[PDB]
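Beneath this line is the structure, given in structure tokens, with notes to follow.
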Amino acid sequence: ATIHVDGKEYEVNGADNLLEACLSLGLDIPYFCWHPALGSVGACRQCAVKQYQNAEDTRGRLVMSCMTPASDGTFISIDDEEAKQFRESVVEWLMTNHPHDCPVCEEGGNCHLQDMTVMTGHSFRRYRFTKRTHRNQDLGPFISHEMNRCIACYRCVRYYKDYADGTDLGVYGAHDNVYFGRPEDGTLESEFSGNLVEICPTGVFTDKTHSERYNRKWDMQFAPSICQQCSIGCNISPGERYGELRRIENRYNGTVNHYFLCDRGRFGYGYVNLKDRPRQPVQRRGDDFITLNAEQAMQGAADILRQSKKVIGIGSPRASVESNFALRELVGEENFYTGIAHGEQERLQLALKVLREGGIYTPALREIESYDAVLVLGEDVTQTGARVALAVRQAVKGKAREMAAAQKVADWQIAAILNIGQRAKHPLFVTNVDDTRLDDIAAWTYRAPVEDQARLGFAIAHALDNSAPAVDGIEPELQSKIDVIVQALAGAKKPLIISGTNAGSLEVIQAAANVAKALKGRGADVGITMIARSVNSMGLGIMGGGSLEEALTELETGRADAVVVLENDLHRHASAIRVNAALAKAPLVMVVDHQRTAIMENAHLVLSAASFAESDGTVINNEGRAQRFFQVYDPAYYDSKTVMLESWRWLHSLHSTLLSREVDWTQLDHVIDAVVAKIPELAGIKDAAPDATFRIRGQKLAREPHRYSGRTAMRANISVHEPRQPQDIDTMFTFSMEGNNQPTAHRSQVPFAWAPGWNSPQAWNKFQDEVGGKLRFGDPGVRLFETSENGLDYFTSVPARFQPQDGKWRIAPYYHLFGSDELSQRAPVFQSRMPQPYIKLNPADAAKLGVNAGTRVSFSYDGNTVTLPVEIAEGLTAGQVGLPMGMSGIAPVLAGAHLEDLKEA
Amino acid sequence: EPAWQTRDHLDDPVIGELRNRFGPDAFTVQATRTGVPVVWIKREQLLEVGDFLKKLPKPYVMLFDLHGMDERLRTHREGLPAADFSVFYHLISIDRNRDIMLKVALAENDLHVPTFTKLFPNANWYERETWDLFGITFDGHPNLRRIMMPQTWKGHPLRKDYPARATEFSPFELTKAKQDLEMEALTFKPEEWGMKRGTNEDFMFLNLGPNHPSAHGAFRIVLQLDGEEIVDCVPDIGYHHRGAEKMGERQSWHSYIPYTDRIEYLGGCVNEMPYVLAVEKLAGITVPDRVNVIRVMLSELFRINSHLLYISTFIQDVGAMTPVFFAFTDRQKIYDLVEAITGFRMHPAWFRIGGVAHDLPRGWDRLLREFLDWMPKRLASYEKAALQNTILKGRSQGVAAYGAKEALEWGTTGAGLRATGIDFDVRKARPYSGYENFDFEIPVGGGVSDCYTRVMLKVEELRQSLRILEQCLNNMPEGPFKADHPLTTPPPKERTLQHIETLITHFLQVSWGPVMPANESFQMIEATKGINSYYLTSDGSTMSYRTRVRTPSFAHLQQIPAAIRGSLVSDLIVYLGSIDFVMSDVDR
Amino acid sequence: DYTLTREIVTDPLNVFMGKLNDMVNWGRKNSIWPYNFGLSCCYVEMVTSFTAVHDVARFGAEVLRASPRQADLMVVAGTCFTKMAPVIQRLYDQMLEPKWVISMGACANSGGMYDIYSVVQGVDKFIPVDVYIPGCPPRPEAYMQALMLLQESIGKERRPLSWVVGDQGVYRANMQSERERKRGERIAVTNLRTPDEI
Ligand code: SF4
Ligand code: SF4
Ligand code: SF4
Ligand code: SF4
Ligand code: FES
Ligand SMILES: [Ca+2]
């Protein structure tokens, strides 16, 4: 299409509206109610331009650019005097009731309303009457509410209800008394409620966790990082001030997470700021805990390791690829053990084999929204891979999108699309041990044990393809439900099969692979998604190694007398008594970690490792994409006694001091080169980000904005002499403002979005190739493996149906977005959001045991009689006890296990 | 059409003359807010274009400025030739009362330009500074060495990839540079300084240092002496280099104003005026009449302050030590008024984008009237006691004399230019800030510029500034002290404190900075010591992409060897006293 | 409390030797000859303090020697440019004992507003400073106040009376900070004149 803006010719997409087309061209049109991910509704009336009928037209008329298609031969003017006057008048009308709040408002300096007030040129107030006022609501521990600042742009309700499918936020009242919030005080129930603080263009919805230690956007030190709280790999911009992690902002990745995070990623960062974190190397000498610097810690550890007869290393899926590789190089490949249990390792390696050998394409997180039917087997996605659940909700809305496209409705006219679609949706079928949060939009939900969910998957695969193994013993009603799923999946152009390792069942993953293979054999464009457990579960699976049980066996038999545990608490993957006994038997325990864990009491040496905020590295997400995270700040800048290094730096220096008796702190690119030289399956992590020599016209990439303040005073109380700028030899970023963050700079790692005149998250428009698309020079992160040419065979190991044995209680896993992840559950703001510990019981089982809801019952696992209160689960099948995985005292390895003597305390 | 509007100046006759001489495809005309025709010339035609401009019927006789620009990070270069770097040449025709800027585009690998020194001799130091700060070589330069940074300096600081902030101090490098200072005289060779035919074995080389601090600052002159006579001398400058232009790329448009104050530290609001006028051109702001009169009054008060220091220090340098005490008492009366108005003495930082920081306090007219009553008797007393003494006259008359041609070829401005009979003052030739509404005269010399004629011309300039101050006192308009423009930074404080849209504008202006749309602006003023100019390039951001400050003291110090050759050292110190320079102006 | 240059020690101070030390300190603090050294605009304010309207001669500190050998006080009045830092160090080394240093203005104190590639961030990076003056520039009476502060510091220091007999260490008094001394009167301020008047 061809448009003429202010007498200048432009080539645009005709299927776009004029606002997103002009913003993609670099032109500035003020806007409030439009969002790239939410569509156009034409509410705020801010985006007025003057449209002319033809070239020889001087009158024109004011139109909404967001509601006007960018059709071929379209003549508009942005800088027309009447259009500018009307846009200024719209800002002025918004300003009549706006509170005098910018100094005490958390949005200030990051506020889209401030930016558009300045952009329209409105700075003189002639309104003299009263301003309307609203009372605020309590919205829970994450979101702070201030309705005075609302401009009634309806972005919050459109995102929360129409996009995120939330139910507890709405708009109330009428005329100028419209109110946006909950129907009563309470916590916002959506797992994606935290995106309101970026969706809202004003300071109505703000980050309460950031508000506690508030600082302005210009004062932040930003880095591009990867969220560490699950396996999805959403791109984040952590921002630090005064040595503490202050905020997690969304970093736009047009391939993975685009505009949105989940609440665990956004608000679960508080473990970085915990005061009990190790900051120096500490050696246990008898009952004394002496503090070492880096060099003598390396020398003492190297001497003791040299005296040892066999050193084993226990990695973790929390640690990066480089850290796990450095531990593997320190101890040797045959002495390296993954820190996860044997069953978890089997499930993770099966998921990896399905992903990189199954011949079925695995989609990125944005690509999930383009699928026409979804079958989720076993994986409680909202509690384990939440952003996948949000993308699945978008894929469900795809049917209304297609129906509206059949009626020649433009794809941005979202209200017309929703009106045409009504309650029609693409088919979604979820299976779990109980109800999920996707049940509101799912075409069907199967509440069954993991064996029965696997049998349902195998039956679906057999009915799709007769070469798949059959299932004997399916009831006719379950058969009818299976047939419903089969005709929904067979008639889909793009079916998607989602599973993962969190169900605790190998057979669930096998059944999902069988369904995907059966759909691939019929010629469908089938995709498969595997949800892993942790941020680098897939990287640890690719690297490989022995299980934690084998490492504990080596420690117990005395074959290994030295153990180096990297970033692993070891209690989530094995019983605490066995771990404690094996670690007490070992004459040397060294723990390299950034969190004070329970195994540090028996540790002979503790190395103060860096968390993700203080370290660089690579993590492989659930789709196999290698992504680099960069260090946010120097931990030694304020506290000069802090010796907190990257885990790979500690382990490389330990290996060098063990070999040549000399220290070697090395560089990140050297470790990455060693990884890609030694492990060819991880060769793609080299191209996840450019090396430390990368420059934009000779200059590095700035971590902090150009208006960063307090350089000669932030450390003045410690010393009036300003310290040296922290040097970054590892990456291409600099720990200063003296660098490049231009939106036109040829790079893919953007620490934060800022453009002149766009101080809010709307500056990501300037950083994109087209608005709502990808980053201008490509989204960061590369895929490790391509889709294989040939697939796997059908898995013939169809399990038998679940049978409740008397006196034995099968543990059904229950996951929680707030509580199941280890580091995020250590965050203090999550404790209020955390559910109270519980045990779920069937009504028949609770009546048989003579217990009601709330009564405290006790059970013994690995010789630990623990007591929990009972709540009644309607959807749980009898013979099962529902336990909250990943919580304190309940390890995630308990999923699929069995319970004895479960009786009332 | 407002005076700040973007113009290509295609109606200028110089554009038609260049088109007739070189053809239409030889050059590219750029539309700017500089007020001058900006013409992009190919590198291979630069000397031809310069010679053609020098041989015009009303010729361009002065190279006003010559410097560089790192264009690699510039995103808004629409209509501009492809360029990693560029070199600009600002030339002035006084007879036409016109000026032209020539721009040469350069690729990153081919960073060399033909030298301009055969056409204009002040291009020597201008090209040395361009080589020092940008790394652009000039082929045919007689000695292209660093002039700001020391010779053992790595990198070119005005490049966009050079870090602006101070590096970590090291006592070892201080010890090493102290050793270089200690054996500098022992290993002195005239060849690296451009000197020649020294050690003949009759000349001596003698270094001057920081031993006579007459408020001008620290710099060195190495003199080649035949006995007592100067046969050659080069000034060693850069000892007062503050990186002010680099700081212009480091501060917002609003927060750079205190740095403008310290370019020529005896000038104050005089230094502030060209910067805020150039920013207001970028913003499209026309200030009201009260702002113009207030800014003129502050500029003339500081001009009298600077002239008082200059005249008294000249008298002290001649040998009469008494009038400096009384002249600094007069400076204190000026400071009484300036402290009352702006809150500060020497660096008020009081001008604003769109106006001034506050309204005039009640009772300013009383202090201005007191100073205007105090000054003339004191000035007459200084004249009779010192400037009419025949020993001072015998020390200053005929010392370091030059004519109009020497003043034009070296870029000499201010009283040194007007003592040669050329009537060129910016406040009359290119009026700014409402100076055309004031009745004042421009004193000019008889044709010959000595130390004495320069000093007496500055005395008459002081009297004319007193006349302007009297007019400012008698007719001060009623109205606003800030413009009614959205880019007035900051907005009026009372509306900021009670109106939300004004508070929003203030919030974003003081924190992120005012957004100046992408343009180039220029403002030239008659400063206290000559012609001072700001050339600002905005890339559409809240900071300057390029802040180029042309200062007259740079040109005067470069003129020093041509004027003092064949004289004695006493003539040199009297000449330095009569130049009216400060080293901050020279080195920026 | 005293600091020793040859550590934090106590007061080393017969009653005749104390009177001689007081007489020497009185003569030194009442005859302070500054070195005529001009770096930047702060030096303009210093020489303004030398003129008739301030008359720093009243304190006996107007002599303004051009040789570092005849000067007792170095006033770093201006920016410590990187090219000028060896010059400042050499001129300070050429001064003879006893010598005192006043860092004048924000540039000499810390680098001031010039956190830039060509400026040393404070003269105390390489030479010791007795009195610091904030300001950009400090007004001439601020320089006079710093001169009086230096006089108070000199009046209670301990230096050897002769280089052949006695302790040769230089003892400088650990004076109370001016901020802490003036905090009582400064915090008690309630109202100031409004800035709309002269
Ligand atoms: S929402 Fe924006 S405009 Fe309103 S008070 Fe907050 S920062 Fe100011
Ligand atoms: S609360 Fe925020 S997002 Fe919702 S209508 Fe008001 S300004 Fe818009
Ligand atoms: S979905 Fe996972 S990776 Fe993404 S923000 Fe949530 S916890 Fe982080
Ligand atoms: S502190 Fe201020 S007045 Fe003093 S030398 Fe530095 S810039 Fe000049
Ligand atoms: S953005 Fe178009 S009317 Fe709101
Ligand atoms: Ca690092």
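Labels used: A, B, ... for chains in the order of the structure tokens, numbers from 1 for residues in each chain, and numbers from 1 for ligands as shown.
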- Message: as JSON, numbers by chain, please: the residues near range 828-841 of chain A (cut-off 7 Å, only C-alpha atoms, same-chain neighbours under 2 positions excluded).
- Response: {"A": [141, 268, 270, 818, 819, 825, 826, 843, 845, 846, 868, 869, 870, 871, 872, 873, 881, 882, 883]}
Write out, as a PDB file, in the first residue's frame, the residues just selected, with N, CA and C atoms.
```pdb
ATOM      1  N   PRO A 141      -0.316  -8.077  47.163  1.00  0.00           N
ATOM      2  CA  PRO A 141       1.048  -7.653  47.504  1.00  0.00           C
ATOM      3  C   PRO A 141       1.874  -7.161  46.329  1.00  0.00           C
ATOM      4  N   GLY A 268       9.228 -12.381  41.551  1.00  0.00           N
ATOM      5  CA  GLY A 268       9.912 -13.390  42.334  1.00  0.00           C
ATOM      6  C   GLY A 268      11.408 -13.198  42.441  1.00  0.00           C
ATOM      7  N   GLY A 270      13.103 -11.375  44.588  1.00  0.00           N
ATOM      8  CA  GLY A 270      13.522 -10.880  45.888  1.00  0.00           C
ATOM      9  C   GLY A 270      14.600 -11.693  46.576  1.00  0.00           C
ATOM     10  N   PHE A 818       3.333 -19.347  42.671  1.00  0.00           N
ATOM     11  CA  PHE A 818       3.967 -18.732  43.829  1.00  0.00           C
ATOM     12  C   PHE A 818       4.207 -19.835  44.854  1.00  0.00           C
ATOM     13  N   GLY A 819       5.398 -20.422  44.814  1.00  0.00           N
ATOM     14  CA  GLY A 819       5.764 -21.398  45.817  1.00  0.00           C
ATOM     15  C   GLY A 819       6.528 -22.615  45.342  1.00  0.00           C
ATOM     16  N   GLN A 825      10.395 -18.822  45.736  1.00  0.00           N
ATOM     17  CA  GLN A 825       9.750 -19.030  47.029  1.00  0.00           C
ATOM     18  C   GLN A 825      10.600 -18.487  48.165  1.00  0.00           C
ATOM     19  N   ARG A 826      11.908 -18.321  47.950  1.00  0.00           N
ATOM     20  CA  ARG A 826      12.703 -17.638  48.964  1.00  0.00           C
ATOM     21  C   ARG A 826      12.470 -16.127  49.000  1.00  0.00           C
ATOM     22  N   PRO A 843     -13.044 -36.791  48.787  1.00  0.00           N
ATOM     23  CA  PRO A 843     -14.077 -36.909  49.833  1.00  0.00           C
ATOM     24  C   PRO A 843     -14.289 -38.326  50.333  1.00  0.00           C
ATOM     25  N   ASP A 845     -11.989 -40.760  50.360  1.00  0.00           N
ATOM     26  CA  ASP A 845     -10.814 -41.124  51.147  1.00  0.00           C
ATOM     27  C   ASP A 845     -10.804 -40.417  52.496  1.00  0.00           C
ATOM     28  N   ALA A 846     -11.209 -39.146  52.524  1.00  0.00           N
ATOM     29  CA  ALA A 846     -11.270 -38.417  53.786  1.00  0.00           C
ATOM     30  C   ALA A 846     -12.371 -38.960  54.688  1.00  0.00           C
ATOM     31  N   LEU A 868       0.213 -32.114  57.972  1.00  0.00           N
ATOM     32  CA  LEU A 868      -0.371 -31.082  57.131  1.00  0.00           C
ATOM     33  C   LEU A 868      -1.880 -31.063  57.319  1.00  0.00           C
ATOM     34  N   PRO A 869      -2.516 -29.906  57.157  1.00  0.00           N
ATOM     35  CA  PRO A 869      -3.980 -29.861  57.203  1.00  0.00           C
ATOM     36  C   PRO A 869      -4.606 -30.325  55.898  1.00  0.00           C
ATOM     37  N   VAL A 870      -5.774 -30.942  56.027  1.00  0.00           N
ATOM     38  CA  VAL A 870      -6.464 -31.585  54.916  1.00  0.00           C
ATOM     39  C   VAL A 870      -7.416 -30.586  54.278  1.00  0.00           C
ATOM     40  N   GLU A 871      -7.371 -30.478  52.951  1.00  0.00           N
ATOM     41  CA  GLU A 871      -8.462 -29.867  52.210  1.00  0.00           C
ATOM     42  C   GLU A 871      -9.006 -30.845  51.179  1.00  0.00           C
ATOM     43  N   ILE A 872     -10.300 -30.715  50.918  1.00  0.00           N
ATOM     44  CA  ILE A 872     -11.028 -31.674  50.099  1.00  0.00           C
ATOM     45  C   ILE A 872     -10.909 -31.283  48.634  1.00  0.00           C
ATOM     46  N   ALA A 873     -10.463 -32.225  47.810  1.00  0.00           N
ATOM     47  CA  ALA A 873     -10.340 -32.030  46.371  1.00  0.00           C
ATOM     48  C   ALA A 873     -11.408 -32.871  45.684  1.00  0.00           C
ATOM     49  N   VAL A 881      -3.186 -38.675  47.152  1.00  0.00           N
ATOM     50  CA  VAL A 881      -3.063 -37.536  48.050  1.00  0.00           C
ATOM     51  C   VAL A 881      -2.405 -36.404  47.276  1.00  0.00           C
ATOM     52  N   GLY A 882      -3.030 -35.237  47.290  1.00  0.00           N
ATOM     53  CA  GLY A 882      -2.472 -34.115  46.569  1.00  0.00           C
ATOM     54  C   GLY A 882      -1.455 -33.348  47.380  1.00  0.00           C
ATOM     55  N   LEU A 883      -0.226 -33.249  46.879  1.00  0.00           N
ATOM     56  CA  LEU A 883       0.768 -32.537  47.660  1.00  0.00           C
ATOM     57  C   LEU A 883       1.341 -31.372  46.864  1.00  0.00           C
TER      58      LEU A 883
END
```
- Message: Please find the residues of chain A near chain C - the criterion being any atom within 9 Å, counting only C-alpha atoms - and write them as a ChimeraX atom specification.
- Response: /A:720-722
- Query: Neighbours of ligand 3 within 10 Å, counting only C-alpha atoms and all ligand atoms, as a ChimeraX atom specification?
  - Reply: /A:191-192,226-236,248,250,256-257,260-269,365,381-390,531,533-535,621-622,817-818,821,824
Please save C-alpha atoms of the selected residues as an mmCIF file, in the first residue's frame.
```
data_model
loop_
_atom_site.group_PDB
_atom_site.id
_atom_site.type_symbol
_atom_site.label_atom_id
_atom_site.label_comp_id
_atom_site.auth_asym_id
_atom_site.auth_seq_id
_atom_site.Cartn_x
_atom_site.Cartn_y
_atom_site.Cartn_z
ATOM 1 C CA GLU A 191 -1.076 -15.164 37.038
ATOM 2 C CA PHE A 192 -0.301 -12.362 34.543
ATOM 3 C CA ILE A 226 16.785 -14.198 31.153
ATOM 4 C CA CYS A 227 14.206 -14.963 33.813
ATOM 5 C CA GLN A 228 15.464 -17.778 36.023
ATOM 6 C CA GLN A 229 12.202 -18.849 37.625
ATOM 7 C CA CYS A 230 11.075 -21.494 35.114
ATOM 8 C CA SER A 231 12.073 -23.027 31.775
ATOM 9 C CA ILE A 232 10.221 -20.704 29.374
ATOM 10 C CA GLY A 233 13.069 -18.211 29.020
ATOM 11 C CA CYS A 234 11.270 -14.875 28.924
ATOM 12 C CA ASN A 235 13.590 -11.949 28.263
ATOM 13 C CA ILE A 236 13.843 -9.481 31.145
ATOM 14 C CA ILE A 248 12.265 -6.678 36.709
ATOM 15 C CA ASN A 250 9.767 -6.894 30.462
ATOM 16 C CA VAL A 256 9.682 -15.465 22.882
ATOM 17 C CA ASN A 257 7.719 -13.332 25.328
ATOM 18 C CA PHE A 260 4.378 -9.956 28.676
ATOM 19 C CA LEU A 261 5.829 -11.842 31.622
ATOM 20 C CA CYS A 262 4.150 -13.858 34.336
ATOM 21 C CA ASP A 263 3.942 -12.790 37.959
ATOM 22 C CA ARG A 264 6.558 -15.296 39.150
ATOM 23 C CA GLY A 265 9.131 -13.788 36.804
ATOM 24 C CA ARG A 266 8.114 -10.196 37.491
ATOM 25 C CA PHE A 267 7.856 -10.360 41.290
ATOM 26 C CA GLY A 268 9.912 -13.390 42.334
ATOM 27 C CA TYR A 269 13.303 -11.670 42.160
ATOM 28 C CA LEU A 365 6.478 -19.037 22.699
ATOM 29 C CA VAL A 381 1.050 -25.148 32.399
ATOM 30 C CA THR A 382 -0.288 -22.124 34.311
ATOM 31 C CA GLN A 383 1.645 -23.120 37.439
ATOM 32 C CA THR A 384 4.817 -24.383 35.727
ATOM 33 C CA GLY A 385 5.155 -22.633 32.354
ATOM 34 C CA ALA A 386 2.647 -19.760 32.762
ATOM 35 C CA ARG A 387 3.529 -17.734 29.651
ATOM 36 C CA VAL A 388 2.777 -20.840 27.568
ATOM 37 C CA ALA A 389 -0.705 -20.780 29.121
ATOM 38 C CA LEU A 390 -1.105 -17.129 28.077
ATOM 39 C CA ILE A 531 7.788 -27.758 29.631
ATOM 40 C CA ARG A 533 11.326 -27.672 35.389
ATOM 41 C CA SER A 534 14.070 -25.054 35.773
ATOM 42 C CA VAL A 535 15.739 -22.290 33.774
ATOM 43 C CA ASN A 621 15.004 -22.776 27.640
ATOM 44 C CA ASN A 622 12.255 -25.353 27.094
ATOM 45 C CA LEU A 817 3.219 -20.337 40.455
ATOM 46 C CA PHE A 818 3.967 -18.732 43.829
ATOM 47 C CA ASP A 821 10.106 -22.592 42.299
ATOM 48 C CA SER A 824 11.292 -17.364 43.970
#
```
Go through chain B and flag each residue having an atom no more than 6 Å from chain C; for those, report the closest pair of atoms plus their distance in Å to one decimal, using only C-alpha atoms, ordered by chain and rising number, as JSON lines.
```
{"residue": "B:164", "atom": "CA", "partner": "C:116", "partner_atom": "CA", "distance": 5.6}
{"residue": "B:165", "atom": "CA", "partner": "C:116", "partner_atom": "CA", "distance": 4.4}
{"residue": "B:166", "atom": "CA", "partner": "C:117", "partner_atom": "CA", "distance": 4.2}
{"residue": "B:178", "atom": "CA", "partner": "C:86", "partner_atom": "CA", "distance": 5.0}
{"residue": "B:213", "atom": "CA", "partner": "C:38", "partner_atom": "CA", "distance": 5.3}
{"residue": "B:215", "atom": "CA", "partner": "C:44", "partner_atom": "CA", "distance": 5.8}
{"residue": "B:217", "atom": "CA", "partner": "C:39", "partner_atom": "CA", "distance": 5.5}
{"residue": "B:239", "atom": "CA", "partner": "C:83", "partner_atom": "CA", "distance": 5.5}
{"residue": "B:265", "atom": "CA", "partner": "C:41", "partner_atom": "CA", "distance": 6.0}
{"residue": "B:325", "atom": "CA", "partner": "C:51", "partner_atom": "CA", "distance": 4.7}
{"residue": "B:329", "atom": "CA", "partner": "C:53", "partner_atom": "CA", "distance": 5.5}
{"residue": "B:340", "atom": "CA", "partner": "C:198", "partner_atom": "CA", "distance": 5.4}
{"residue": "B:361", "atom": "CA", "partner": "C:197", "partner_atom": "CA", "distance": 4.7}
{"residue": "B:362", "atom": "CA", "partner": "C:197", "partner_atom": "CA", "distance": 4.7}
{"residue": "B:363", "atom": "CA", "partner": "C:198", "partner_atom": "CA", "distance": 5.5}
```
- All residues within 7 Å of ligand 2 are required, counting only C-alpha atoms and all ligand atoms; please report them as a list in words. residues 147, 149, 150, 151, 152, 153, 154, 155, 156, 157, 180, 199, 200, 201, 202, 204 and 205 of chain A
Only C-alpha atoms, please: the residues just picked out, written as a PDB file, in the first residue's frame.
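Generated output (out.pdb):
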```
ATOM      1  CA  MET A 147      -7.390   5.573  40.570  1.00  0.00           C
ATOM      2  CA  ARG A 149      -4.339   9.077  37.925  1.00  0.00           C
ATOM      3  CA  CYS A 150      -6.639   7.170  35.558  1.00  0.00           C
ATOM      4  CA  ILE A 151      -7.282   8.611  32.108  1.00  0.00           C
ATOM      5  CA  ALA A 152      -9.988   6.004  31.282  1.00  0.00           C
ATOM      6  CA  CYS A 153      -8.075   4.552  28.352  1.00  0.00           C
ATOM      7  CA  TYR A 154      -9.493   1.030  29.024  1.00  0.00           C
ATOM      8  CA  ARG A 155      -6.115  -0.658  28.378  1.00  0.00           C
ATOM      9  CA  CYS A 156      -6.161  -2.494  31.718  1.00  0.00           C
ATOM     10  CA  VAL A 157      -9.561  -4.129  31.311  1.00  0.00           C
ATOM     11  CA  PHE A 180     -11.129   0.522  36.979  1.00  0.00           C
ATOM     12  CA  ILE A 199       0.026  -1.862  30.142  1.00  0.00           C
ATOM     13  CA  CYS A 200      -1.397   1.036  32.174  1.00  0.00           C
ATOM     14  CA  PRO A 201      -0.023   4.280  30.673  1.00  0.00           C
ATOM     15  CA  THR A 202      -0.411   6.108  34.006  1.00  0.00           C
ATOM     16  CA  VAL A 204      -2.797   3.706  38.546  1.00  0.00           C
ATOM     17  CA  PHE A 205      -1.307   0.210  38.569  1.00  0.00           C
TER      18      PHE A 205
END
```
- Message: Using only C-alpha atoms, which protein or nucleic acid residues come within 9 Å of residue 130 in chain C? Drop anything in the same chain fewer than 2 positions from it, and give the result as a PyMOL selection string.
- Response: chain C and resi 100-103+128+132+150+153
